[PDB]
Amino acid sequence: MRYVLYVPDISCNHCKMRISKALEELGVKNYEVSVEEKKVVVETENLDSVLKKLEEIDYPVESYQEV
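So that you can map any letter, position 49 of the sequence shown is 49 in the authors' numbering, and since no number is skipped, the others follow by simple counting.
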């Protein structure tokens with residue numbers, strides 16, 4: 001299923017990568033990051049694993065929502 005995280009730590013361009021590296025190594029297969037809108041979609045079967053990974057890269061998510 002796919003979820004639009006809200007990651008305000010992506011206020012910067014370097015921050016965009018921090019997520020992606022950790023998502024690729026998490027093993028997501030469909031995702032997008034936005035520094036413009038401080039946002040991440042992931043498409044995965046355990047969202048928890050993503051939200052965990054986000055906190056464990058120092059990037060606490062505010063909220064998410066399914067799309």
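Note that beta-carbon positions come from the ideal geometry of N, C-alpha and C, so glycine has one too.
DSSP state of residue i mapped onto helix, strand, coil
{"i": "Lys-39", "result": "strand"}
{"i": "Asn-30", "result": "strand"}
{"i": "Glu-25", "result": "helix"}
{"i": "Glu-66", "result": "strand"}
{"i": "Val-4", "result": "strand"}
{"i": "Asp-9", "result": "helix"}
{"i": "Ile-19", "result": "helix"}
Local Cβ density within 10 Å of residue i, reported as buried at 16 or more and exposed below that
{"i": "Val-42", "result": "buried"}
{"i": "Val-7", "result": "buried"}
{"i": "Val-50", "result": "buried"}
{"i": "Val-28", "result": "buried"}
{"i": "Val-40", "result": "buried"}
Within 8 Å, strictly: CB atoms of residue i and residue j
{"i": "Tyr-3", "j": "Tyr-59", "result": "no"}
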